[PDB]
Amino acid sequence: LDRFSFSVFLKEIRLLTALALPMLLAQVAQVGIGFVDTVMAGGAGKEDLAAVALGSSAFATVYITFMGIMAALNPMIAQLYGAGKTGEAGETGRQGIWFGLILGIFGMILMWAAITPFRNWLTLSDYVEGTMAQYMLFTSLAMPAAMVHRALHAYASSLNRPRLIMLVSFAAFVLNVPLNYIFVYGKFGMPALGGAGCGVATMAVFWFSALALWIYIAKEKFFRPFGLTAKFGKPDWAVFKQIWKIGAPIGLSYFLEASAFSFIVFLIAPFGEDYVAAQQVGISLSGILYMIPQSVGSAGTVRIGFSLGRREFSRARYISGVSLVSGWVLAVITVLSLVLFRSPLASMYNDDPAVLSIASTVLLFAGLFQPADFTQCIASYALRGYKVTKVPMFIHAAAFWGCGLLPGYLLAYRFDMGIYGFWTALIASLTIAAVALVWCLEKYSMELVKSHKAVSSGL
């Protein structure tokens, strides 16, 4: 009962120069989809019933879920980048890009359809020239989801190595959304005002990033076999059925924060809804510098599952620590420059909707959860990142939601200034991964004892 977690620190020898730092440039580009969202957010302010984002919100819902499913090939194609058939990774790449449709379609279809019931039983709302005019720009704001998957399937074939293009066609992305979002929300000659021609406009440029994929077979050697990518053999086509047990439980695990939804916003309004609701400059600026962080494991992820295929066993699972903690560096250094500062109401030209009279009982989980999970899921993003590992990550989060039961009404059930009160066993749900998760990672890190079935050959 003392240490059922064996070798503690010894995810280590002398690795100091593990330059997993194209991984940064998975979130140097991935800041791109940050640095669009808020152009559309801070442009459709020239309409004040441009709370558009009300759609652009519960859109991400079915993108980011299904994006899980798709973030799933980040091993697939590294695992076989320890191979040679970049076309037998390709036949998969194609097979997913096909999938990339398929789902994107069937997803954007749920949107495409279901949407309407934005009014049911304990339910409804009615500024009609507002997002009712834009529930018809939920649709346009939706009709990429077919093409976005195919164009996030994009970075799943960045896996490999060259992450350069992703950086380009996202620096050549907010190249556009300004341009196109004005022209299509307003300044015509000729497409005047589908005013929330952000959703109309954004959706445009997916298709543009989409064939910012296509336009990068150009670079080196092929990953092109999209001749009628097909599905069938037995009951149903694998390298597709394969993509299932990886995909699924990362979306259904992205259903974590997809209920850090019903929580992060639900007791933002008791009888006290003031800066309690304003834990969005709280937990929106939580999310902002959370990506550059965590997104590196969703980038570490390659460096591993590939460096498994290249048969470098744990000559890589014992980098899945030297990454873990090279960001664990930043885990602290910017929780430091987190609780430290407060000036979210930057007074330059103006803000988006976050305004001046508020207390900063928010810097109080700029600590709590901020360094103590900075890491805690980039665990999986290397468990999957390496391995099968999200079959019990799905179930990693069987607690990270279902242990927030009263850690939901635990801000509202208090003894002190409990604003981070249900940030209870949800910043302690959140640190039951520094066990549960990485504790698993030095245990299955140590199947590279089981699988490295012969330490050292002749010379």
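From 1 onward, residues are counted along the sequence shown.
Mind pulling up the entry and telling me whether 275-283 or 88-96 has the higher mean Cα temperature factor? On average, C-alpha B-factors are higher across 275-283.
Stretch with the greater mean C-alpha B-factor as recorded in the entry, comparing 248-256 against 305-313: Between 305-313 and 248-256, it is 305-313 that shows the higher mean C-alpha B-factor.
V355, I165, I102, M111, ranked by C-alpha B-factor: the highest one: Largest recorded C-alpha B-factor: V355.
From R14, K443, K11, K450, which pick has the Cα B-factor that tops the rest in the entry? In the PDB entry, the greatest C-alpha B-factor among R14, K443, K11, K450 is found at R14.
Taking only the Cα B-factors deposited for this chain, tell me whether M203 sits in the lowest, middle or highest third. For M203, whose C-alpha B-factor we compare with every modelled residue in the chain, the answer is the lowest third.
Give the position of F59 by CA B-factor within its chain, expressed as the lowest, middle or highest third. Ranked within chain, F59 CA B lands in the lowest tercile.
Comparing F400 with the other modelled residues of its chain, is its CA B-factor in the lowest, middle or highest third? Tercile = highest for this residue's CA B-factor.
Chain-wide C-alpha B factor ranking for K231, given as lowest, middle or highest third: It falls in the top third of the chain.
Within this chain, which third does the Cα B-factor at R342 fall in: lowest, middle or highest? As the PDB entry reports it, the C-alpha B-factor of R342 lands in the highest third of its chain.
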